[PDB]
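As a basis for the values below, the full set of heavy atoms in this structure was taken, side chains included, without hydrogen atoms, waters or symmetry mates. Index from 1, following the sequence. In each ligand, atom 1 is the first atom listed, and ligand 1 is the first ligand listed.
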Amino acid sequence: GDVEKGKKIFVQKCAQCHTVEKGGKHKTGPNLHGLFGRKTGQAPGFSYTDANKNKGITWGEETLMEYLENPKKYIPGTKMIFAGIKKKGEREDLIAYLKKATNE
Ligand code: HEC
């Protein structure tokens, strides 16, 4: 994906509930720094639902592509409010941005 396009999607659709920078605060949702290669429910100090703590997948490009299409279908019982991104390319652009931003 295209990182600049991703950054725009992040600002518009995610930044209202999430930070990405190292040591960024938890907001409504967890700070996402270090997500890639991590199991569900491991942002330090955030209080997750049982649903997301116990989903038991590792985050990465493929699992984010599925989750972001429809979060509640992927993690029934999640408290994240987000319908989903239908378009494959927009999911790829957002994921490429996150892969950069959450590891910088
Ligand atoms: C925009 C498309 C995004 C992206 C990329 C993510 N979200 Fe959220 N998020 C919110 C809350 C309250 C949670 C906790 C859920 C729970 O405990 O049930 C989440 C969780 C996530 C994750 C999982 C993180 C993990 O460590 O397992 C991921 C990858 C994630 N989000 C990405 C809250 C919100 C919002 C509040 C209205 C909105 C909007 C979004 N999230 C949007 C996004």
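Taking distance alone, with nitrogen or oxygen atoms compared against 3.5 Å, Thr40 stays at or beyond that limit from ligand 1. Backbone and side-chain nitrogen or oxygen atoms of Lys79 are examined, and one is located within less than 3.5 angstrom of a nitrogen or oxygen of ligand 1. Residue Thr78 has at least one nitrogen or oxygen atom sitting less than 3.5 Å from a nitrogen or oxygen atom of ligand 1, judged on distance alone. Remark: ligand 1 and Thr49 share an N or O pair separated by less than 3.5 Å (distance only, no angle test). Below 3.5 Å of separation, one finds no N or O of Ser47 facing any N or O of ligand 1.
Side-chain contact between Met65 and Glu92 is present, with heavy atoms from C-beta onward closer than 4.5 Å. Here the side chains of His18 and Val20 are not in contact, with every heavy-atom distance at 4.5 Å or above. Residues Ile9 and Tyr97 have side chains not in contact (no heavy-atom distance under 4.5 Å, counting atoms from C-beta outward).
Taking distances strictly below 2.8 Å, the protein N/O/S atoms close to atom 8 (Fe) of ligand 1 are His18 NE2, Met80 SD.
The closest approach between a heavy atom of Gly41 and any atom of ligand 1 is below 4.0 Å.
Atom NZ of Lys79 has more than 12 heavy atoms from other residues, nucleotides or ligands within 6.0 Å. Residue-environment remark: NZ (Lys72) exceeds the threshold of 12 foreign heavy atoms within 6.0 Å. The environment of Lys7 atom NZ is sparse: at most 12 non-hydrogen atoms of other residues, nucleotides or ligands sit within 6.0 angstrom. Within a 6.0 Å sphere centred on CD of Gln16, heavy atoms belonging to other residues, nucleotides or ligands number more than 12.
Judged by distance alone, the side chain of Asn31 and the main-chain N or O of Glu21 form a donor-acceptor pair under 3.5 Å.
Scanning the protein heavy atoms around atom 28 (C) of ligand 1, the nearest turns out to be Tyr67 CE2, 3.7 Å. Here the protein heavy atom with the shortest distance to atom 26 (O) of ligand 1 is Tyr48 OH, 2.5 Å. Among all non-hydrogen protein atoms, the one lying nearest atom 23 (C) of ligand 1 is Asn52 OD1, 3.4 Å. In terms of protein heavy-atom proximity, atom 12 (C) of ligand 1 is nearest to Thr28 O, 3.3 Å.
The line from CD1 of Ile75 to CD of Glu66 is 10.0 Å long, rounded to the nearest 0.5 Å. Interatomic distance, CG of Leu98 versus CG of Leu68, reported as 7.5 Å (0.5 Å rounding).
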Only pairs under 3.5 Å count here: list side-chain donor-acceptor contacts from residues 36-46, not counting sequence neighbours, and write none if there are none.
from: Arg38; atom 1: NH1; to: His33; atom 2: O; distance (Å): 3.3
from: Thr40; atom 1: OG1; to: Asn52; atom 2: O; distance (Å): 3.4
from: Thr40; atom 1: OG1; to: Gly56; atom 2: N; distance (Å): 3.0

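Heavy-atom proximity to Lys13, at under 4.0 Å, picks out these atoms of ligand 1: 1 (C), 39 (C), 42 (C).
Residue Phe10 does not touch ligand 1, judged by heavy-atom distances below 4.0 Å.
Hydrophobic clustering, with ILVMFWY side chains joined whenever heavy atoms are under 4.5 angstrom apart, groups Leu35 together with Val11.
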